[PDB]
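Engineer: First the structure, which I've put down as structure tokens, then a few questions once you've had a look.
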Amino acid sequence: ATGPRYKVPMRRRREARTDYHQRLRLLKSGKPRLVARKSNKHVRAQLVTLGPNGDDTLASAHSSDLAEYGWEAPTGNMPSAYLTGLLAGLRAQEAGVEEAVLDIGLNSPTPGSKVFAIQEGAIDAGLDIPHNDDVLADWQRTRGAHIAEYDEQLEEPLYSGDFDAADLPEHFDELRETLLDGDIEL
Amino acid sequence: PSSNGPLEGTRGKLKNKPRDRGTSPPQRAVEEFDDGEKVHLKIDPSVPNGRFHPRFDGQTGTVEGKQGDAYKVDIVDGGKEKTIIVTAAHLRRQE
Amino acid sequence: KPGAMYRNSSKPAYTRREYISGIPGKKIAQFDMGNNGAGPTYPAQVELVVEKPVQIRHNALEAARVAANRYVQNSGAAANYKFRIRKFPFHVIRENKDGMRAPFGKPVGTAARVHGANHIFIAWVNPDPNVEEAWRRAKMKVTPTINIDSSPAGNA
Amino acid sequence: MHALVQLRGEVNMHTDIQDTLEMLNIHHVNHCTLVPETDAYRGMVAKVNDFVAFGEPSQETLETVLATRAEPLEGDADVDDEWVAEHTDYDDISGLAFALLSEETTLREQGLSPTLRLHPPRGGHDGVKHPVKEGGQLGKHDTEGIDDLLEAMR
Amino acid sequence: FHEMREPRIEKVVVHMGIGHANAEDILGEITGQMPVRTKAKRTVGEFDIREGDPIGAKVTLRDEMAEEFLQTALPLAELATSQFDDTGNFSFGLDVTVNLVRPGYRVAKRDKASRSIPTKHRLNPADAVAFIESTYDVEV
RNA sequence: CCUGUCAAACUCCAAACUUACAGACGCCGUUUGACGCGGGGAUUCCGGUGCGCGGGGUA
RNA sequence: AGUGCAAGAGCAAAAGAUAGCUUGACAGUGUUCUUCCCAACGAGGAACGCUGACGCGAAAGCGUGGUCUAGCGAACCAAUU
RNA sequence: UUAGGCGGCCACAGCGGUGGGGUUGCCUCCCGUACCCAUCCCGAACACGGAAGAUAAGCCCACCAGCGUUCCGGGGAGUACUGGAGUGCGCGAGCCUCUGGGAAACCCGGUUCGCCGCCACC
Ligand SMILES: [Cl-]
Ligand SMILES: [Cl-]
Ligand SMILES: [Mg+2]
Ligand SMILES: [Mg+2]
Ligand SMILES: [Mg+2]
Ligand SMILES: [Mg+2]
Ligand SMILES: [Mg+2]
Ligand SMILES: [Mg+2]
Ligand SMILES: [Mg+2]
Ligand SMILES: [Mg+2]
Ligand SMILES: [Mg+2]
Ligand code: NA
Ligand code: NA
Ligand code: NA
Ligand code: NA
Ligand code: NA
Ligand code: NA
């Protein structure tokens with residue numbers, strides 16, 4: 001920018017999107033990466049492989065195409081994350097993918113985080129991923145219990161219209177249950 | 001020379017042009033080669049490990065097995081056959 | 001000492017002051033002479049062109065310059081002309097003043113490397129070339145044969 | 001296709017240059033070879049440029065020399081039309097020459113020694129201290145230029 | 001357009017640059033939350049050679065904690081103009097600094113895809129004076 | 001802004017050229033066995049000169 | 001800028017700074033390069049492995065001392081495990 | 001690709017600047033702290049929960065060359081330098097001719113305001 005000698009960082013570093021030092025440690029395993037990403041409203045889960053002209057995504061799952069299976073709740077929470085994980089985990093299996101390592105990009109390794117939720121789901125789908133059980137949420141929170149109880153302190157619906165007033169961690173089970181057998185795109 | 005260490009007179013060959021300065025792309029440090037391939041040896045000034053002796057910068061050898069993640073490349077120094085322990089980070093496919 | 005000892009450009013360039021100490025100061029008094037307040041707004045422009053690459057010790061630069069400008073007082077101490085010596089003695093020169101043992105000499109002076117055909121002196125005058133004479137005297141005190149060349153001046 | 005004639009000796013000439021003349025089948029002064037105009041051959045004659053004489057000869061000239069200085073891969077046998085006919089693909093010397101010139105075959109391919117060991121130039125050559133452009137006999141020549149040399153050494 | 005262009009107070013830093021403390025206490029009560037030590041850099045003649053060393057405290061207040069504080073701080077200050085930042089900030093007073101900016105600032109403070117705020121979307125000294133002046137007081 | 005100069009231990013640039021490997025042509029080797037492998041016997045380790053490029057030195 | 005110390009070189013979501021935790025400055029055995037271009041030669045040095053035991057980390061992973069190139073020593077005898 | 005995620009090459013992509021875009025859908029800003037988690041002090045950040053509002057940032061789309069960069073034309077320049085040759089010249093420093101290569105600065109005019117891959121998606 002300043003002169004011929006100036007050093008312009010790699011594009012994905014400028015865009016503050018890729019941590020290249022972590023990426024390299026990630027690529028070391030020689031295994032597929034389980035890309036766990038989030039958005040204010042959604043949660044994505046991709047299984048990426050390395051390619052000649054860039055990465056190749058062999059299987060993915062987005063919290064939005066979750067309803068496609070009977071999801072009638074918000075998509076930016078823990079239960080959402082797990083499920084999207086499990087869904088992508090399953091499509092992964094179908095793709096012949098058997099193991100992967102957890103890439104959580106620029107996110108933080110916080111215990112019980114949605115990215116680890118995504119990791120727990122992918123694992124249960126059958127994917128073999130190096131992990132650590134006690135860095136994960138305690139199932140109930142995964143189910144969405146923390147949110148149901150939060151609505152117990154109601155007085156005003158936690159959900160603007162949406163579905164239910166007291167929310168449903170049960171709707172969570174029905175869905176996970178669904179995903180564990182038959183159905184299209186899995 | 002005034003000294004005889006491995007980096008003697010390597011000012012040029014082990015320095016980056018101002019713009020290629022800083023950490024290098026990980027794509028090439030992970031590249032995979034097969035036994036028999038021809039690979040050009042060139043140290044990446046920006047990549048610390050996996051290096052080989054500066055004298056061989058420029059050589060084009062043959063991948064013959066690996067050691068850990070590092071590769072074992074056979075070359076011929078003048079008339080002597082040698083085997084060089086090097087990482088992908090410092091190798092390129094010929095042609 | 002004779003110019004014979006340092007007039008050739010056969011040695012490596014030696015100018016890094018960061019590795020050389022005790023270099024003698026230059027004897028060249030000024031580089032800009034005459035009306036340096038004014039810019040080259042003159043009709044005529046003559047130049048002294050060295051005809052062979054040589055090394056010119058600050059010694060000869062000063063004697064050559066003085067003999068020329070000191071003479072350009074055929075126009076007056078505050079006359080209307082401007083004189084310029086464009087070269088500077090960057091090349092540090094030694095002498096080995098033990099015989100040939102540990103002979104790398106000690107800095108004794110500085111000289112300017114001029115390549116055949118460069119102009120070492122450039123004066124600016126109105127149709128009043130007394131300067132042409134200031135140069136017959138100048139190239140008189142520098143090793144090479146020289147060419148007195150006039151540039152803007154079709155006033156012959 | 002150019003005619004190559006070594007005009008300077010081996011003494012003091014660079015070894016990598018000598019090896020080149022030797023790769024071009026010339027191992028003595030005045031020995032001559034016919035070389036196709038290819039990139040690879042072009043580089044070689046350029047490196048040999050200061051100790052040789054080369055150019056494209058005329059059908060006739062090549063014919064005179066072939067007849068006068070061509071030899072079997074082995075033996076004394078004169079290479080005359082009959083020889084050419086009873087030993088090569090062609091019917092006569094002219095037939096061969098043409099082929100050589102059009103670079104369709106080579107003196108080896110036709111059982112002939114790759115070298116036309118010529119005679120010292122009758123009347124002498126223009127000197128081995130200067131190139132053609134200078135009145136010397138070194139370097140590339142005119143078809144008329146090469147013809148005179150080749151003919152004088154017939 | 002507006003609403004997302006109108007200024008707002010983001011943190012008010014109250015710090016006492018002492019030279020070696022007991023002062024935290026008053027900052028604690030004057031603001032309402034724990035103060036933070038203020039280590040110093042470089043060794044200097046004011047018998048301040050210690051690199052890591054408590055030499056003052058600060059307190060960053062956000063939201064109500066910041067207003068409820070300025071609702072007494074400002075009144076204790078007169079100054080204005082020249083004493084304002086080129087980014088629409090100002091410090092007065094024991095120091096009390098007020099950092100001001102518009103709605104989309106997180107874009108430059110987050111981790112992912114962060115980005116510097118465009119000069120146009122920056123807050124000018126003037127656009128700042130307006131906002132504050134329009135909140136219980138007068139400029140210059 | 002204008003204007004005057006430089007670098008063996010400077011470089012935004014940058015040759016000729018040297019150099020690794022591969023293919024092509026050439027040349028060479030398969031009764032003259034090349035390339036290479038093992039073994040026996042040495043001499044040798046005061047060099048010099050021209051030309052190119054040098055470093056020191058008034059030379 | 002900093003990174004212990006020459007000089008040259010490497011390094012920015014770090015190889016620097018701060019905090020916390022930890023003792024991989026671990027035992028064993030090697031491959032290769034270097035020492036000694038080519039081309040034989042010891043001690044020493046480095047890179048890269050494996051076996052075992054460990055530290056940290058969610059994990060990939062990182063740690064065979066300090067970013068790289070100086071900081072080193074044969075036999076005989078002694079003392080030590 | 002009417003706004004997305006992971007990348008490859010790592011400025012042709014940088015620096016600066018202009019115009020346009022969201023009625024249900026996407027990214028955001030945004031709203032908010034019971035929880036997992038969090039600030040040597042601050043729900044700023046990190047993390048979690050969520051849609052009342054917005055297209056002003058970001059981002060995506062279209063475009064501008066003033067600066068930086070890449071490549072090209074013409075000029076500089078077959079100039080500088082150079083591998084090979086010479087009973088060519090020069091007191092010499094050095095130069096010249098033949099042969100094979102061949103630059104940099106700078107000026108003028110174009111180019112460049114990224115390209116490409118995989119996945120997902122009215
Ligand atoms: Cl994310
Ligand atoms: Cl090596
Ligand atoms: Mg060098
Ligand atoms: Mg015969
Ligand atoms: Mg006679
Ligand atoms: Mg003669
Ligand atoms: Mg060389
Ligand atoms: Mg190290
Ligand atoms: Mg003894
Ligand atoms: Mg002892
Ligand atoms: Mg807009
Ligand atoms: Na790099
Ligand atoms: Na002595
Ligand atoms: Na003279
Ligand atoms: Na050793
Ligand atoms: Na403290
Ligand atoms: Na916008």
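Chains: A, B, ... in order of the structure tokens. Residues: from 1 per chain. Ligands: from 1, in order shown.
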Output the neighbourhood of ligand 10 as an NGL selection string, that is, all protein and nucleic acid residues with some atom at most 12 Å from the ligand, counting only C-alpha atoms (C1' of nucleotides) and all ligand atoms.

Structural biologist: :G and (77-81)

Engineer: Please return, as a ChimeraX atom specification, all residues of chain E lying within 8 Å of chain A when only C-alpha atoms are considered.

Structural biologist: /E:111-114

Engineer: Sort by chain and increasing residue number a table of all residues of chain H within 7 Å of chain E, each with its closest pair of atoms and their distance in Å to one decimal, counting only C-alpha atoms (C1' of nucleotides), and write it as a Markdown table.

Structural biologist:
```
| residue | atom | partner | partner_atom | distance |
| --- | --- | --- | --- | --- |
| H:29 | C1' | E:104 | CA | 5.4 |
| H:41 | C1' | E:35 | CA | 5.3 |
| H:42 | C1' | E:60 | CA | 5.3 |
| H:45 | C1' | E:110 | CA | 6.6 |
| H:54 | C1' | E:4 | CA | 6.6 |
| H:56 | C1' | E:1 | CA | 5.0 |
| H:57 | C1' | E:104 | CA | 5.1 |
| H:58 | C1' | E:107 | CA | 6.2 |
```

Engineer: Keeping only C-alpha atoms (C1' of nucleotides), write the selected residues to a file as a PDB file, in the first residue's frame.

Structural biologist:
```pdb
ATOM      1  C1'   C H  29     -25.767  -3.752  13.115  1.00  0.00           C
ATOM      2  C1'   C H  41     -12.766  -3.412  36.256  1.00  0.00           C
ATOM      3  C1'   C H  42     -16.454  -3.254  32.867  1.00  0.00           C
ATOM      4  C1'   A H  45     -14.868  -8.395  24.268  1.00  0.00           C
ATOM      5  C1'   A H  54     -32.185  -0.419  10.841  1.00  0.00           C
ATOM      6  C1'   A H  56     -26.295   4.165   8.871  1.00  0.00           C
ATOM      7  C1'   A H  57     -21.174   0.643   9.570  1.00  0.00           C
ATOM      8  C1'   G H  58     -19.758  -4.018   8.103  1.00  0.00           C
TER       9        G H  58
END
```

Engineer: DSSP on the backbone: what in range 70-167 of chain A comes out alpha helix (DSSP H), as a PyMOL selection string?

Structural biologist: chain A and resi 78-94+114-124+140-143+145-152

Engineer: Tell me, counting only C-alpha atoms (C1' of nucleotides) and all ligand atoms, for each residue of chain G within 9 Å of ligand 2, which pair of atoms is nearest and how far apart they are in Å to one decimal, in rows ordered by chain and increasing number, as a Markdown table.

Structural biologist:
```
| residue | atom | partner | partner_atom_place_in_ligand_line | distance |
| --- | --- | --- | --- | --- |
| G:32 | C1' | ligand 2 | 1 (Cl) | 7.2 |
| G:33 | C1' | ligand 2 | 1 (Cl) | 4.1 |
| G:34 | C1' | ligand 2 | 1 (Cl) | 7.8 |
| G:47 | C1' | ligand 2 | 1 (Cl) | 7.6 |
```

Engineer: List all protein, DNA and RNA residues that have any atom at most 12 Å from ligand 15, counting only C-alpha atoms (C1' of nucleotides) and all ligand atoms, and write the list as a list in words.

Structural biologist: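 So the residues close to ligand 15 are residues 32, 33, 34, 35, 36, 41, 42, 43, 44, 45 and 46 of chain G.
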
Engineer: May I have the residues of chain H within 7 Å of chain A, counting only C-alpha atoms (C1' of nucleotides), written as an NGL selection string?

Structural biologist: :H and (6-8 or 10-11 or 14-15 or 34-37 or 68 or 117-119)

Engineer: Specify as a PDB file with N, CA, C and O atoms (P, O5', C5', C4', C3', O3' and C1' of nucleotides), in the first residue's frame all residues of chain F found within 7 Å of chain D, counting only C-alpha atoms (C1' of nucleotides).

Structural biologist:
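Output contents, as saved in selection_30.pdb:
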```pdb
ATOM      1  P     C F  25      16.014 -38.190 -30.232  1.00  0.00           P
ATOM      2  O5'   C F  25      17.157 -37.264 -30.846  1.00  0.00           O
ATOM      3  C5'   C F  25      16.943 -36.538 -32.077  1.00  0.00           C
ATOM      4  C4'   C F  25      18.128 -35.645 -32.383  1.00  0.00           C
ATOM      5  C3'   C F  25      19.504 -36.287 -32.427  1.00  0.00           C
ATOM      6  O3'   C F  25      19.768 -36.935 -33.668  1.00  0.00           O
ATOM      7  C1'   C F  25      19.612 -34.275 -31.182  1.00  0.00           C
ATOM      8  P     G F  26      20.776 -38.193 -33.721  1.00  0.00           P
ATOM      9  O5'   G F  26      22.197 -37.566 -33.363  1.00  0.00           O
ATOM     10  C5'   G F  26      22.686 -36.401 -34.071  1.00  0.00           C
ATOM     11  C4'   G F  26      23.878 -35.780 -33.362  1.00  0.00           C
ATOM     12  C3'   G F  26      25.041 -36.691 -32.999  1.00  0.00           C
ATOM     13  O3'   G F  26      25.886 -36.922 -34.123  1.00  0.00           O
ATOM     14  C1'   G F  26      24.542 -35.286 -31.163  1.00  0.00           C
ATOM     15  P     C F  27      26.508 -38.386 -34.376  1.00  0.00           P
ATOM     16  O5'   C F  27      27.531 -38.624 -33.178  1.00  0.00           O
ATOM     17  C5'   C F  27      28.836 -38.002 -33.148  1.00  0.00           C
ATOM     18  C4'   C F  27      29.468 -38.205 -31.788  1.00  0.00           C
ATOM     19  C3'   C F  27      29.625 -39.655 -31.360  1.00  0.00           C
ATOM     20  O3'   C F  27      30.801 -40.247 -31.885  1.00  0.00           O
ATOM     21  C1'   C F  27      28.624 -38.434 -29.613  1.00  0.00           C
TER      22        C F  27
END
```

Engineer: Using only C-alpha atoms (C1' of nucleotides) and all ligand atoms, which protein or nucleic acid residues are at most 8 Å from ligand 11, as a VMD selection string?

Structural biologist: chain H and resid 20 to 21 55 to 56

Engineer: List all protein, DNA and RNA residues that have an atom no more than 8 Å from any atom of ligand 14, counting only C-alpha atoms (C1' of nucleotides) and all ligand atoms, and report them as a ChimeraX atom specification.

Structural biologist: /C:139-146

Engineer: Calculated over only C-alpha atoms (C1' of nucleotides), which of the candidates E:73, E:41, E:47, E:125 has the smallest distance to chain G?

Structural biologist: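 Using only C-alpha atoms (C1' of nucleotides), chain G sits closest to E:41.
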
Engineer: With chain B as the partner and 10 Å as the cut-off, tabulate the residues of chain F that qualify, each row holding the nearest pair of atoms and their distance in Å to one decimal, using only C-alpha atoms (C1' of nucleotides), sorted by chain and rising number, as JSON lines.

Structural biologist:
```
{"residue": "F:12", "atom": "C1'", "partner": "B:18", "partner_atom": "CA", "distance": 9.9}
{"residue": "F:19", "atom": "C1'", "partner": "B:58", "partner_atom": "CA", "distance": 8.1}
{"residue": "F:20", "atom": "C1'", "partner": "B:59", "partner_atom": "CA", "distance": 4.1}
{"residue": "F:21", "atom": "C1'", "partner": "B:60", "partner_atom": "CA", "distance": 5.3}
{"residue": "F:22", "atom": "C1'", "partner": "B:95", "partner_atom": "CA", "distance": 8.9}
```

Engineer: Would you kindly report the residues of chain F within 9 Å of chain C, using only C-alpha atoms (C1' of nucleotides), as a PDB file with N, CA and C atoms (P, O5', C5', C4', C3', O3' and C1' of nucleotides), in the first residue's frame?

Structural biologist:
```pdb
ATOM      1  P     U F   3      14.732  20.280 -10.396  1.00  0.00           P
ATOM      2  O5'   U F   3      16.208  20.570  -9.883  1.00  0.00           O
ATOM      3  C5'   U F   3      16.891  21.773 -10.270  1.00  0.00           C
ATOM      4  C4'   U F   3      18.135  21.967  -9.438  1.00  0.00           C
ATOM      5  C3'   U F   3      19.091  20.788  -9.370  1.00  0.00           C
ATOM      6  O3'   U F   3      19.900  20.697 -10.533  1.00  0.00           O
ATOM      7  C1'   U F   3      18.788  21.662  -7.207  1.00  0.00           C
ATOM      8  P     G F   4      20.528  19.282 -10.951  1.00  0.00           P
ATOM      9  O5'   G F   4      21.727  19.087  -9.915  1.00  0.00           O
ATOM     10  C5'   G F   4      22.757  20.088  -9.799  1.00  0.00           C
ATOM     11  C4'   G F   4      23.898  19.599  -8.933  1.00  0.00           C
ATOM     12  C3'   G F   4      24.235  18.130  -9.036  1.00  0.00           C
ATOM     13  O3'   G F   4      24.869  17.843 -10.259  1.00  0.00           O
ATOM     14  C1'   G F   4      24.345  18.779  -6.783  1.00  0.00           C
ATOM     15  P     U F   5      24.994  16.325 -10.739  1.00  0.00           P
ATOM     16  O5'   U F   5      25.896  15.706  -9.596  1.00  0.00           O
ATOM     17  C5'   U F   5      25.869  14.324  -9.308  1.00  0.00           C
ATOM     18  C4'   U F   5      26.773  14.044  -8.146  1.00  0.00           C
ATOM     19  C3'   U F   5      26.993  12.577  -7.925  1.00  0.00           C
ATOM     20  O3'   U F   5      27.995  12.169  -8.817  1.00  0.00           O
ATOM     21  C1'   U F   5      26.545  13.603  -5.852  1.00  0.00           C
ATOM     22  P     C F   6      28.134  10.632  -9.168  1.00  0.00           P
ATOM     23  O5'   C F   6      28.372   9.981  -7.736  1.00  0.00           O
ATOM     24  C5'   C F   6      28.048   8.620  -7.515  1.00  0.00           C
ATOM     25  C4'   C F   6      28.580   8.165  -6.198  1.00  0.00           C
ATOM     26  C3'   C F   6      28.260   6.716  -5.938  1.00  0.00           C
ATOM     27  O3'   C F   6      29.183   5.890  -6.615  1.00  0.00           O
ATOM     28  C1'   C F   6      27.699   7.981  -4.037  1.00  0.00           C
ATOM     29  P     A F   7      28.798   4.370  -6.924  1.00  0.00           P
ATOM     30  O5'   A F   7      28.864   3.667  -5.499  1.00  0.00           O
ATOM     31  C5'   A F   7      30.110   3.564  -4.808  1.00  0.00           C
ATOM     32  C4'   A F   7      29.946   2.739  -3.558  1.00  0.00           C
ATOM     33  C3'   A F   7      29.311   1.370  -3.738  1.00  0.00           C
ATOM     34  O3'   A F   7      30.234   0.404  -4.189  1.00  0.00           O
ATOM     35  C1'   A F   7      28.316   2.463  -1.898  1.00  0.00           C
ATOM     36  P     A F   8      29.697  -0.922  -4.934  1.00  0.00           P
ATOM     37  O5'   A F   8      30.108  -2.099  -3.938  1.00  0.00           O
ATOM     38  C5'   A F   8      31.484  -2.320  -3.581  1.00  0.00           C
ATOM     39  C4'   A F   8      31.602  -3.530  -2.692  1.00  0.00           C
ATOM     40  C3'   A F   8      31.033  -3.366  -1.304  1.00  0.00           C
ATOM     41  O3'   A F   8      29.616  -3.529  -1.341  1.00  0.00           O
ATOM     42  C1'   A F   8      33.133  -4.471  -1.195  1.00  0.00           C
ATOM     43  P     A F   9      28.692  -2.789  -0.243  1.00  0.00           P
ATOM     44  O5'   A F   9      28.911  -3.645   1.087  1.00  0.00           O
ATOM     45  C5'   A F   9      28.277  -4.919   1.277  1.00  0.00           C
ATOM     46  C4'   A F   9      28.647  -5.478   2.638  1.00  0.00           C
ATOM     47  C3'   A F   9      28.231  -4.611   3.824  1.00  0.00           C
ATOM     48  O3'   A F   9      26.924  -4.922   4.281  1.00  0.00           O
ATOM     49  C1'   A F   9      30.526  -5.132   4.011  1.00  0.00           C
ATOM     50  P     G F  55      39.066  -6.329  -7.255  1.00  0.00           P
ATOM     51  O5'   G F  55      39.809  -6.825  -5.948  1.00  0.00           O
ATOM     52  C5'   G F  55      39.060  -7.083  -4.766  1.00  0.00           C
ATOM     53  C4'   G F  55      39.986  -7.466  -3.659  1.00  0.00           C
ATOM     54  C3'   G F  55      41.203  -6.575  -3.507  1.00  0.00           C
ATOM     55  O3'   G F  55      40.902  -5.350  -2.846  1.00  0.00           O
ATOM     56  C1'   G F  55      41.874  -8.827  -3.422  1.00  0.00           C
ATOM     57  P     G F  56      41.855  -4.068  -3.069  1.00  0.00           P
ATOM     58  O5'   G F  56      43.206  -4.507  -2.362  1.00  0.00           O
ATOM     59  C5'   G F  56      43.203  -4.843  -0.974  1.00  0.00           C
ATOM     60  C4'   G F  56      44.595  -5.196  -0.524  1.00  0.00           C
ATOM     61  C3'   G F  56      45.676  -4.172  -0.836  1.00  0.00           C
ATOM     62  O3'   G F  56      45.714  -3.155   0.129  1.00  0.00           O
ATOM     63  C1'   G F  56      46.432  -6.283  -1.465  1.00  0.00           C
ATOM     64  P     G F  57      45.968  -1.658  -0.339  1.00  0.00           P
ATOM     65  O5'   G F  57      47.414  -1.706  -1.001  1.00  0.00           O
ATOM     66  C5'   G F  57      48.596  -1.740  -0.164  1.00  0.00           C
ATOM     67  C4'   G F  57      49.841  -1.956  -0.999  1.00  0.00           C
ATOM     68  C3'   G F  57      50.145  -0.960  -2.107  1.00  0.00           C
ATOM     69  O3'   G F  57      50.779   0.213  -1.584  1.00  0.00           O
ATOM     70  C1'   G F  57      50.438  -3.165  -2.927  1.00  0.00           C
ATOM     71  P     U F  58      50.144   1.681  -1.846  1.00  0.00           P
ATOM     72  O5'   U F  58      50.712   2.111  -3.267  1.00  0.00           O
ATOM     73  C5'   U F  58      50.043   3.132  -4.022  1.00  0.00           C
ATOM     74  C4'   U F  58      50.841   3.489  -5.243  1.00  0.00           C
ATOM     75  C3'   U F  58      51.292   2.317  -6.101  1.00  0.00           C
ATOM     76  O3'   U F  58      50.236   1.908  -6.970  1.00  0.00           O
ATOM     77  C1'   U F  58      53.113   3.786  -5.718  1.00  0.00           C
ATOM     78  P     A F  59      49.948   0.347  -7.243  1.00  0.00           P
ATOM     79  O5'   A F  59      51.214  -0.149  -8.063  1.00  0.00           O
ATOM     80  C5'   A F  59      51.585   0.480  -9.299  1.00  0.00           C
ATOM     81  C4'   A F  59      53.050   0.264  -9.562  1.00  0.00           C
ATOM     82  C3'   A F  59      53.483  -1.181  -9.727  1.00  0.00           C
ATOM     83  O3'   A F  59      53.288  -1.548 -11.090  1.00  0.00           O
ATOM     84  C1'   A F  59      54.930  -0.090  -8.220  1.00  0.00           C
TER      85        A F  59
END
```

Engineer: Grab me every residue within 8 Å of ligand 6, counting only C-alpha atoms (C1' of nucleotides) and all ligand atoms, and send it over as a CSV table (one decimal) with C-alpha atoms, in the first residue's frame.

Structural biologist:
```
chain,number,residue,atom,x,y,z
D,124,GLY,CA,45.1,-20.2,-49.7
D,125,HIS,CA,42.2,-19.1,-47.6
D,126,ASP,CA,41.5,-15.5,-46.3
D,127,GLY,CA,43.1,-15.9,-42.8
D,128,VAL,CA,42.2,-17.5,-39.5
```
